[PDB]
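Fold and geometry: a report
Chain by chain, the residues:
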Amino acid sequence: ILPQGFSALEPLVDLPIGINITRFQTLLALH
Amino acid sequence: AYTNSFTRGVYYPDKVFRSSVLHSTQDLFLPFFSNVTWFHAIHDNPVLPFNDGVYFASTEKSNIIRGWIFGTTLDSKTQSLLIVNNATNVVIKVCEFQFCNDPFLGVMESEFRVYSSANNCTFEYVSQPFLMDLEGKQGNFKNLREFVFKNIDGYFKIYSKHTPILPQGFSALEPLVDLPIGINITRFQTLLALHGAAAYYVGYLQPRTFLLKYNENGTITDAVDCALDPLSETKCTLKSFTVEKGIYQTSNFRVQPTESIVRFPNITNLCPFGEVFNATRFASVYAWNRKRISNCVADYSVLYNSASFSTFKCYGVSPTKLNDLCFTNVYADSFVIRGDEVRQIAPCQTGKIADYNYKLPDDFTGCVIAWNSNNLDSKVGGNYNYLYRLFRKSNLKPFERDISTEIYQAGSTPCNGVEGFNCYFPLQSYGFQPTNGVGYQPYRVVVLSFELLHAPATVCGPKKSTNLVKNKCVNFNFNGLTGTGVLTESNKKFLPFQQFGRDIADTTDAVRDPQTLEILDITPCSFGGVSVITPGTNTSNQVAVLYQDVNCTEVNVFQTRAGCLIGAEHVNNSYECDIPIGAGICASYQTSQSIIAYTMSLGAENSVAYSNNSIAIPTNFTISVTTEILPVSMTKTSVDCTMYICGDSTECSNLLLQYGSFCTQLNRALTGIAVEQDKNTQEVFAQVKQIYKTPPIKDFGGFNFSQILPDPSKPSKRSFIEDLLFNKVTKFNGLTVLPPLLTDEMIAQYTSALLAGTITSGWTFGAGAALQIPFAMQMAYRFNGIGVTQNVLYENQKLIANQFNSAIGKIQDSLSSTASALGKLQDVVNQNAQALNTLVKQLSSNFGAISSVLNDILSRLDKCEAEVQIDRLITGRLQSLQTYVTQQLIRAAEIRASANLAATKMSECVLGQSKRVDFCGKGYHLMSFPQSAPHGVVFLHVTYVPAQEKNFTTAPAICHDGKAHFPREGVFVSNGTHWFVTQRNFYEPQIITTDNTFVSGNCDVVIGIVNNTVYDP
Amino acid sequence: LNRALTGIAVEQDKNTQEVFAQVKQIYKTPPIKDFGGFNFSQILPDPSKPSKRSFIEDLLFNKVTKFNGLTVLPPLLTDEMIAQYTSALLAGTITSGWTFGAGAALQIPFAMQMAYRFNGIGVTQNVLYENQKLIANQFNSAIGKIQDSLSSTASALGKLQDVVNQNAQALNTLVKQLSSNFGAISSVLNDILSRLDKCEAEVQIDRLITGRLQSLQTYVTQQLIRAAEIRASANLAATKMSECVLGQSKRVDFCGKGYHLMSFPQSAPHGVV
Amino acid sequence: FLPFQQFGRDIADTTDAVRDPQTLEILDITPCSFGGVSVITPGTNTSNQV
Amino acid sequence: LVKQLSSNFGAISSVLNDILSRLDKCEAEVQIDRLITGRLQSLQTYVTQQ
Ligand SMILES: *[C@@H]1O[C@H](CO)[C@@H](O[C@@H]2O[C@H](CO)[C@@H](O)[C@H](O)[C@H]2NC(C)=O)[C@H](O)[C@H]1NC(C)=O
Ligand SMILES: *[C@@H]1O[C@H](CO)[C@@H](O[C@@H]2O[C@H](CO)[C@@H](O)[C@H](O)[C@H]2NC(C)=O)[C@H](O)[C@H]1NC(C)=O
Ligand SMILES: *[C@@H]1O[C@H](CO)[C@@H](O[C@@H]2O[C@H](CO)[C@@H](O)[C@H](O)[C@H]2NC(C)=O)[C@H](O)[C@H]1NC(C)=O
Ligand SMILES: *[C@@H]1O[C@H](CO)[C@@H](O[C@@H]2O[C@H](CO)[C@@H](O)[C@H](O)[C@H]2NC(C)=O)[C@H](O)[C@H]1NC(C)=O
Ligand SMILES: *[C@@H]1O[C@H](CO)[C@@H](O[C@@H]2O[C@H](CO)[C@@H](O)[C@H](O)[C@H]2NC(C)=O)[C@H](O)[C@H]1NC(C)=O
Ligand SMILES: *[C@@H]1O[C@H](CO)[C@@H](O[C@@H]2O[C@H](CO)[C@@H](O)[C@H](O)[C@H]2NC(C)=O)[C@H](O)[C@H]1NC(C)=O
Ligand SMILES: *[C@@H]1O[C@H](CO)[C@@H](O)[C@H](O)[C@H]1NC(C)=O
Ligand SMILES: *[C@@H]1O[C@H](CO)[C@@H](O)[C@H](O)[C@H]1NC(C)=O
Ligand SMILES: *[C@@H]1O[C@H](CO)[C@@H](O)[C@H](O)[C@H]1NC(C)=O
Ligand SMILES: *[C@@H]1O[C@H](CO)[C@@H](O)[C@H](O)[C@H]1NC(C)=O
Ligand SMILES: *[C@@H]1O[C@H](CO)[C@@H](O)[C@H](O)[C@H]1NC(C)=O
Ligand SMILES: *[C@@H]1O[C@H](CO)[C@@H](O)[C@H](O)[C@H]1NC(C)=O
Ligand SMILES: *[C@@H]1O[C@H](CO)[C@@H](O)[C@H](O)[C@H]1NC(C)=O
Ligand SMILES: *[C@@H]1O[C@H](CO)[C@@H](O)[C@H](O)[C@H]1NC(C)=O
Ligand SMILES: *[C@@H]1O[C@H](CO)[C@@H](O)[C@H](O)[C@H]1NC(C)=O
Ligand SMILES: *[C@@H]1O[C@H](CO)[C@@H](O)[C@H](O)[C@H]1NC(C)=O
Ligand SMILES: *[C@@H]1O[C@H](CO)[C@@H](O)[C@H](O)[C@H]1NC(C)=O
Ligand SMILES: *[C@@H]1O[C@H](CO)[C@@H](O)[C@H](O)[C@H]1NC(C)=O
Ligand SMILES: *[C@@H]1O[C@H](CO)[C@@H](O)[C@H](O)[C@H]1NC(C)=O
């Protein structure tokens, strides 16, 4: 390069984690 | 030496009596006209292979041929069947026989050396005595003794036929004893006696379909080998031994693969199953382990053949196919459970294991492997290292794990650190002791979860790969995905995670080769329908074959766009179409004689001598009579859906009630049809309010109607022609035919009334009352109605009557000669009979049931298990009826349209005179006459056809005194010296006067105006 | 089912034969087109084409637009043969009026043919001759508008295109049905066989058949009904050909709006104009 | 029936005739007479006689 | 067409909600496909007749 346009997302690894996920967080780095 | 098997090797397929019926069966028979090896023996006999069954025959004069030997090695290492017929007592033994280098029985007999030992013998049978030839005696052969020997699932079936006398002829072989020998037979030998010439014949069976024709006495008298040649294939396809001229679709050509192609990823490392199945420690079921198996060669036959497993259930897959199939990944979910809980590790189970500790998807593909444990997983004082989840607030989703030591508040008491009432731990542990019962001892269970292929495969079975061959039809297997087709290079670009391509039908369009990452298109190898082009079998049995939409290279020989036609010679000359091929090509049987193929002619080439001042005016005419045949009705069938589906069975009827109103709505539809058949008949014939009669004296101006009016001397007052029509057109399963409301006599009376009205009153009986008129005057009006002045009839009345009478005579001669005249009504009859015959035969179908006979199910199964087989038969008999009824409704609609057309013609052709071109026959319509016919009506259309013409010069108008004179009716013509005005459809020149022409304008506007004079009376 | 579809294919050729092949001979126009000012160059064959079709026919053909055991059989009468039949019908109509229908083709000047057609509608024939030049120009202009209309928008042939679309649509539906599971583990028959031994497999396969047969029965039933509709249309077309082109129709709005004079057939893909 | 044949069949695969197991004679099996029953009635506003 | 909804077609009940409220999904799948196998035929019959 939200930008305007179209793009399909390809698959990456399929991980058999088996965990019940209800929460999320992203990770940012600190200077 | 070899000979041609001249119509031999057919046996009675079963033990059911049949008569006057053609029955189709597929089993191992010797094909007609095959080559058979012929051996003769003067005064020795080779060992032959036993493929899938052998046909044997012999001609005898001294009974040299005695018996047969069957087995695999015939040397005492395996069991071997020995059959000997030594002119007196048939002896059958199954022993581990030691055979001699040259087996024989002496001929007075002085030897017995067919075998040398008996050991570990399992079967012996000896028949009663008889007498046969025993001495050496020469001459000509008197007894042909034919046999068939085959082994199906351990039953050794012997068929035979004895007849007085390869000879030409036909003879079916009846069954003899059925012996449960259970031996794998790969080899054969015959047995000859040693001292006299004694020939015998050996043939071989291949899987064939045969059509057997049973005669009136129930003996098979002929047969068609449905896989012999195109004519036999056509005969078998139509279930008849006679084929009419035309083109039939009998089969489908399919190119077969030449070699198999097996392609797999080139990995040779073996998969770590031992570290899973023989692991030191299994995880607990609340915290089961999941090892991913990838990048290896797996072998599930070792795990499968091993007897150590207690239970083995595969869902979606079968254990013997796992060796060929391969996967993107395999997961081994490993844990220990209690024995009685093994049942819960399965799709669609619930319980303390299935909901809380290990849930499988209900759409699960893979295998559940389990075995008991009592060495490792159990101790004295119990094994308390195994924990399971005993309480959870909600169940588990498929393959979710959830480790948690949070003490479970069963109620509303928030204990939050201390166990109590309604506050327990979710993890519980049961112990395992060697003294516990079967259901409470530990079992080690591993479930193998398979992801079936959608991505590059990494876990494949021990099946070895092969080399790849391009541009040939092959039977391929790419990573477990199988199919047949030609592999070619392609220019498609699969992106790296995509392995397979698909077509609209979800079939594979292209694949990426697992060894070399290139894209290969998969196009199934060329195929197409095969049509047989044949003259009727009463002329010739020679045929031509059309291979549809192929070039013939893939298959004297002529390539057309309909396909490549073989056996028909291409002829440059065009003719009228006979047997259509397609794409403009027709074939026929012509001249010694052979089948020809040609481009269809569209008619003779003609040009019209057009000019701006030339008109052709007819000078003579012909009265023609043509026959138009229309269906009016079809047989009023009625089907009792209950007796058909559930004949005389309460159990079935009660099951049928679970399908609701399907019966009464089918009975309703058929009733509606039967009613419309009577309405159709009523609309076509009953439009006349009174029954009219002709006078006893037939003074109709020379027109002879004696062949269309009723003849009082018959038991049914039909016309002569009607009798001819009736002589040309030709129930205990709940299927009936209702009679029509209007009998043939009543129809004849209606047509008689219509004819008498037409003859004596013209069109007046249609509009209102029948007003008598002389027939000649009626014709005068009909001629006037077509633009021919009435005087033409009167001046030529005698000629016209003779032409009419002659035309009628030709109709009788035509109708009296060939059967094909009534084909439109006969096809309707044939279609209805055919629909019913199909419907009746469908009762013989199983539809997946154990038997087509409903009573045989009920007499063998108790009601509850029986319910499945019976609903399955209903599920098929109902479809057969729905198909039949739907086809009848569509066909009835076609008949209704035809009947409506017939009624329209009756109204406009017979009752009036039609100005609609070619509606009431070709030519200018005069009159029509109805005649009845079986399930239809025949109209005799009387038409005026111009016969002879001359070239006359014309002009659109004539100038006189500067005025332009135009015809009132007719055209101006000139014979080269004088101008006349005449009627268009009959040359009759008249002097041009002011009373035949009219004046409008001035002769300076009109294109083509000519000079003349007009006489003024 | 093979029988029902064969019956349909046969009726498609009979329908074509009934509409176009009612003339016993192949007629031809003279090389000199002296038809009283009526210009037929746009409906008569032009010898310079690889297929002897009229200009308008080419316009019609430019507007109307297999490995699962599904095939299409060719018609018996090729487009060229249809064009020859329509050419013969046009040449007959132009040079002999209605006489070629009843019997032999009797030549007549075109202007006289029109004189009869005008007389047939209650207009005295002198009206044509006095106004013959005007009439020819209006005819020629009307023909030009037909080409311009046909040459401009795609929608002119919608009745034939819908038939084509319906048949393609029926086949596309039929092909897609092979992708359906019908309760089976997989829509791909080979994938069932390569994974299950015969006996357990028998259930999945009968289940797929139980659905592929229904798809065919539905298709065939719809084709029989649609074929009946086409047959009715073909019968109507044959009736018009007989009463509109070969004769002159007194039936109101049967052969177009207005008082009918003449009609001209032109071939089109899977139909007649 | 020829000696190994015990049963006969119709087109519908129903039995047409059987050979009696005690006396080896052939007996035809024709299902006993049956047929539809139709009710002929004036409308019920006139009469309930049928 | 409306009455055909009351038919069982071999199922335990003609009422779809009564199957779902009584059987878990997996065993239920058989009874439901069985009801569909019949409601579809009823519609196909209706549509064909129409
Ligand atoms: C029946 O017996 C024959 C022996 O005549 C078996 O054929 C042998 O099969 C093995 C395995 O493929 C080959 O290595 C041998 O060479 C074959 N023998 C001959 C003479 O060719 C046959 O497999 C047996 N069939 C069954 C089902 O047991
Ligand atoms: C019109 O045609 C009819 C036959 O269609 C002619 O009648 C024939 O005349 C010849 C004389 O040359 C006789 O030999 C035949 O026997 C007649 N046949 C019949 C059936 O009558 C008639 O003469 C023709 N008229 C004209 C004027 O040409
Ligand atoms: C109407 O035609 C029939 C023939 O279809 C005539 O009957 C024939 O008459 C002749 C006498 O001229 C007999 O020799 C034939 O045997 C009769 N045939 C039949 C079948 O009856 C009948 O005479 C004709 N009508 C008139 C008034 O002449
Ligand atoms: C055109 O028709 C007229 C009228 O019949 C013919 O004139 C007659 O010819 C015959 C002999 O040729 C004479 O005997 C008559 O007297 C003529 N009629 C009159 C009124 O003069 C004329 O010949 C015909 N022309 C041709 C070329 O056939
Ligand atoms: C028909 O006759 C008329 C009158 O006799 C002709 O009219 C004459 O035509 C010539 C040549 O075109 C003119 O020069 C005269 O002036 C015309 N006279 C009149 C009174 O109109 C006419 O041409 C003739 N037509 C034919 C075909 O012969
Ligand atoms: C019939 O109409 C065509 C047009 O559709 C005429 O052909 C045109 O003739 C003119 C000359 O006047 C040329 O300039 C055009 O280029 C031609 N167009 C085509 C498409 O050929 C034809 O000449 C007309 N016929 C007559 C006898 O005039
Ligand atoms: C046996 O068949 C072969 C090939 O079909 C043929 O060439 C040979 O002549 C046949 N034997 C006899 C005796 O005709
Ligand atoms: C044929 O073999 C049987 C086998 O037991 C024997 O009893 C019989 O005598 C033999 N027939 C001869 C030697 O003619
Ligand atoms: C078969 O023959 C052998 C000969 O040595 C004998 O030992 C054996 O007991 C016999 N029976 C079986 C069943 O093998
Ligand atoms: C066989 O058919 C013939 C027909 O001519 C008949 O006479 C005969 O009685 C039938 N039965 C037998 C056993 O021949
Ligand atoms: C082994 O796999 C590689 C991968 O592309 C391939 O190139 C090579 O030819 C294979 N070897 C054999 C012997 O098939
Ligand atoms: C487990 O051990 C036994 C005995 O050592 C062996 O026969 C078996 O093959 C092993 N399991 C696997 C998967 O190899
Ligand atoms: C067979 O057909 C030919 C010609 O169609 C006919 O002449 C002959 O009589 C027919 N034979 C039979 C037995 O139908
Ligand atoms: C028939 O085969 C030839 C030979 O390869 C090929 O050139 C031709 O295009 C094929 N198809 C035809 C003639 O329609
Ligand atoms: C038929 O015509 C073709 C023209 O392409 C010619 O090649 C062929 O030899 C002709 N056949 C005969 C038998 O005259
Ligand atoms: C009319 O004249 C043309 C040309 O002179 C000729 O070909 C045609 O056969 C003639 N017609 C008759 C019926 O004589
Ligand atoms: C048409 O008629 C005109 C006179 O009206 C004449 O000059 C012309 O030559 C005629 N046509 C032919 C082809 O002769
Ligand atoms: C016993 O069977 C024979 C065989 O035909 C039969 O004739 C006899 O009547 C039977 N006896 C009884 C008592 O049924
Ligand atoms: C019943 O039918 C009769 C005759 O058709 C009519 O007169 C009468 O009014 C009808 N009654 C009712 C209640 O419809």
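Every chain here is numbered from 1 following its written sequence, a scheme that can differ from the numbering in the entry; residues without coordinates are not drawn. Chain letters start at A and ligand numbers start at 1, both assigned in the order the entries are written. All values in this entry refer to the displayed chains, which constitute part of a larger assembly. Think of the side-chain values as coming from all heavy atoms in the structure, minus any hydrogens and water.

The deposited coordinates for this entry were obtained by cryo-EM, with a reported resolution of 3.0 Å.

1. Here we look at the overall build of chain B
Numbered from the N terminus, helices here are DSSP runs of H or I no shorter than four residues, and strands are runs of E no shorter than two. Assigned secondary structure in chain B consists of 15 helices and 56 strands. A compact globule built from 1017 residues would reach a C-alpha radius of gyration of about 31 Å, whereas chain B, at 44 Å, exceeds it by more than 25%. Along the longest, intermediate and shortest principal axes, the C-alpha atoms of chain B span 145 × 110 × 65 Å. Only protein chains enter the accessibility calculation, which uses a 1.4 Å probe; a residue whose area is less than 20% of its type maximum is buried, one above 50% is exposed, and one in between is partly exposed. For chain B, the proportion of its 1017 residues judged to be buried stands at 50%. For the accessible areas, the method is Shrake-Rupley and the probe is 1.4 Å, while residue cover comes only from the protein chains on display. Total accessible area computed for chain B in this model is approximately 46,700 Å², and 52% of it derives from carbon and sulfur atoms. A radius of gyration in this sense is built from C-alpha atoms; the matching globule rule multiplies 2.2 Å by the number of residues raised to 0.38.

2. Quick notes on the overall build of chain D
When you go through chain D residue by residue, the secondary structure sums to 0 helices and 3 strands. Helices (α) and strands (β) of chain D occur, in sequence order from the N terminus, as β-β-β. Taking 50 residues into account, the globule formula puts the C-alpha radius of gyration at 10 Å, and chain D, at 22 Å, lies well above it. Overall, chain D is about 65 × 25 × 10 Å in size when its C-alpha atoms are taken along their principal axes. Counting across all 50 residues of chain D, residues that qualify as buried make up 12%. Long-range contacts, defined here as pairs at least 24 residues apart, represent 2% of the contacts in chain D between residues at least 6 apart. Counting only carbon and sulfur atoms, one obtains 55% of the accessible surface of chain D, whose full area is about 4,000 Å². In what follows, a contact means two residues having at least one pair of non-hydrogen atoms within 4.5 Å.

3. Thoughts on the interface of chain C and chain B
Counting from both sides, the interface comprises 76 residues of chain C and, opposite them, 76 residues of chain B. Contact between chain C and chain B buries roughly 6,300 Å² in total, counting both sides, with carbon and sulfur atoms accounting for 58%. Summed over both partners, the accessible area (1.4 Å probe) lost when two parts come together is defined as the buried area. When the area that chain C buries against chain B is broken down by residue, the three leading residues are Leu 76, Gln 107 and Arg 195 of chain C, summing to 12%. Salt bridges are counted wherever a side-chain nitrogen of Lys or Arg sits within 4 Å of a carboxyl oxygen of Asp or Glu. Here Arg 916 of chain B and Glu 243 of chain C are joined by a salt bridge, their closest N and O atoms 2.9 Å apart. A 3.5 Å cut-off defines polar contacts: any pair of N or O atoms within that distance qualifies, except that in protein one atom must be a possible hydrogen donor and the other a possible acceptor, and neighbouring residues in sequence count only when both atoms are side-chain atoms. Our count for the contact surface shared by chain C and chain B stands at 19 residue pairs in polar contact.

4. Thoughts on the nonpolar core
Grouped together as the largest cluster of nonpolar side chains are 48 residues, with contacts concentrated most on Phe 273, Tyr 300 and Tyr 358 of chain B. Contributions of two or more residues to this core are made by α2 (274–277), α3 (300–305), β22 (311–315), β23 (326–338), β24 (366–372) and β29 (442–452) of chain B. The residues contacting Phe 273 of chain B, other than those within four sequence positions of it, are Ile 293, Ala 298, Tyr 300, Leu 303 and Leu 448 of chain B. We call a set of buried residues a nonpolar core when its members are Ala, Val, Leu, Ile, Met, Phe, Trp, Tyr or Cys and they connect through side-chain atoms within 4.5 Å of each other. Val 64, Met 112, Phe 118 and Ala 268 of chain C belong to the second-largest nonpolar core, a separate cluster that totals 44 residues.

5. Some remarks on the UniProt feature "disulfide bond" in chain B
All names here are of chain B. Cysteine sulfurs are considered disulfide-paired once they come within 2.5 Å of each other. UniProt positions are given in the numbering used here, feature names are shortened, and annotations may be inferred rather than shown by experiment. UniProt's annotated cystine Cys 577-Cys 586 is reproduced in these coordinates, with an S-S distance of 2.0 Å, under 2.5 Å. Residue classification places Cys 577 among the partly exposed residues on the basis of a relative accessible area of 29%. Measuring from sulfur to sulfur, the annotated disulfide partners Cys 909 and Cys 920 are 2.0 Å apart, close enough to count as bonded by the 2.5 Å criterion. Placement of the pair is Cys 909 in helix α15 (residues 863–910) and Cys 920 in the loop between α15 and β48 (924–933), with a sequence separation of 11 residues.

6. Here's the deal with the pattern of salt bridges
Residues and elements named next belong to chain B. Under the definition given, this model contains 37 salt bridges over all chains. Between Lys 137 and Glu 135 there is a salt bridge; the shortest N-O distance is 3.3 Å. Between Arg 502 and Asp 506 there is a salt bridge whose closest N-O contact spans 3.6 Å. Taking the relative accessible area as the measure of exposure, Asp 506 reaches 23% and is therefore partly exposed.

7. Looking at the interface of chain A and chain B
Interface size is commonly expressed as the accessible surface area that is lost when the partners come together. With 8 residues of chain A in contact, the opposing surface of chain B contributes 8 residues. Between chain A and chain B, the buried area comes to about 600 Å², and carbon and sulfur atoms account for 48% of it. When residues of chain A are sorted by the area they lose upon contact with chain B, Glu 10, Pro 16 and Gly 18 of chain A head the list and together hold 56% of the total. Viewed at the interface, chain B and chain A are joined by 0 salt bridges. Residue type decides the class: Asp, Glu, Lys and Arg count as charged, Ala, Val, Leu, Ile, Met, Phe, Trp, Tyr, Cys and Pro as nonpolar, and the leftover types, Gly among them, as polar. Among the residues forming the side of chain A that touches chain B, the class breakdown is 4 nonpolar, 2 polar and 2 charged.

8. As for the packing of aromatic side chains
All names here are of chain B. Ring geometry is summarised as follows: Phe, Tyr and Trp rings, the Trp one being its six-membered ring, pair when their centres sit within 6.5 Å, and such pairs are stacked at plane angles under 30 degrees, edge-to-face over 60 and tilted between the two. According to the stated counting rule, one finds 83 aromatic pairs over all chains in the structure shown. Among the aromatic residues, those joined into a ring-pair cluster are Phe 39, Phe 50, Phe 56, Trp 68, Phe 70, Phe 147, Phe 149, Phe 156, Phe 188 and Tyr 200. By definition, being over a ring means that NZ of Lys or CZ of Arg is both within 6 Å of the ring centre and within 35 degrees of the ring normal. Stacked on the ring of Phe 282, the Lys or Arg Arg 444 has its end atom at 4.0 Å from the ring centre.

9. A closer look at the state of the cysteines
All names here are of chain B. As enumerated under the stated definition, the model contains 15 disulfides over all chains in all. Between the sulfur atoms of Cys 95 and its disulfide mate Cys 121 the distance is 2.0 Å. When the S-S torsion is -65°, as for the bridge of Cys 95 with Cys 121, the disulfide is left-handed. What makes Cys 95 buried here is its relative accessible area of 1%. In this structure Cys 121 comes out as partly exposed when scored by relative accessible area, which is 36%. The residue that forms a disulfide with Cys 314 is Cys 367, at a sulfur-sulfur distance of 2.0 Å. Disulfide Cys 314 to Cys 367: torsion about the S-S bond roughly 105°, handedness right-handed.

10. What to know about unusual backbone geometry
All names here are of chain B. In the Ramachandran plot, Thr 7 falls in the positive-phi region, its phi being about 55° despite a non-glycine side chain. The topology assignment puts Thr 7 in the loop between β1 (2–4) and β2 (21–29). Judged by its relative accessible area of 19%, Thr 7 is buried. Positive phi outside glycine occurs at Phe 847, with the angle close to 55°. Summarising the element assignment, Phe 847 is placed in the loop between α13 (823–841) and α14 (854–858). Exposure remark for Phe 847: the relative accessible area of 29% places this residue in the partly exposed category.

11. Overview of the side chain of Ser 194 of chain C
When you line up the elements, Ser 194 of chain C lands in the loop between α9 (189–193) and α10 (198–245). On the basis of relative accessible area, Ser 194 of chain C is assigned to the buried category, the value being 12%. When sequence neighbours within four positions are dropped, the list of residues in contact with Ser 194 of chain C reads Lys 321, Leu 325, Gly 480 and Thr 482 of chain B.

12. Quick word on helix α8 (residues 158–176) of chain C
For a helix, the expected span equals 1.5 Å multiplied by the residue count minus one. Look at α8 of chain C: 26 Å from first C-alpha to last across 19 residues, which is about the 27 Å you get at 1.5 Å a residue. Buried-residue contacts for α8 of chain C involve α10, β2 (267–268) and β3 (271–272) of chain C.

13. Here's the deal with the environment of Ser 816 of chain B
With respect to the helices, strands and loops of the structure, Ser 816 of chain B is situated in helix α12 (residues 797–817). Setting aside residues no more than four positions away along its own chain, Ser 816 of chain B makes contact with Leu 724 and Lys 728 of chain B.

14. Digging into the arrangement of the chains
Across the 5 pairs of chains in contact, the largest number of contacts is found between chains B and C. No part of chain A reaches chain C; the closest C-alpha pair between them is 23 Å apart. At the C-alpha level, the nearest point of chain A lies 58 Å from chain D, with no contact between them.

15. Side note on the packing of helix α6 (residues 662–685) of chain B against helix α8 (residues 744–761) of chain B
Residues and elements named next belong to chain B. Axes here refer to lines fitted to C-alpha atoms; in helices the fit is confined to the stretch in contact. Angles between the N-to-C directions go from 0 to 180 degrees. Between α6 and α8, the least distance of the axes is 10 Å, while the angle of their chain directions is 20°. Between α6 and α8, the interaxial angle falls into the category roughly parallel. Between α6, through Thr 681, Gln 682 and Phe 685, and α8, the contact on the second element is made entirely by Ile 747, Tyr 750, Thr 751 and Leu 754. Broken down by class, the residue content of the contact of α6 with α8 amounts to 4 nonpolar, 3 polar and no charged. Should an angle lie under 35 degrees it is considered roughly parallel, over 145 roughly antiparallel, and from 65 to 115 roughly perpendicular; all remaining angles are considered oblique.

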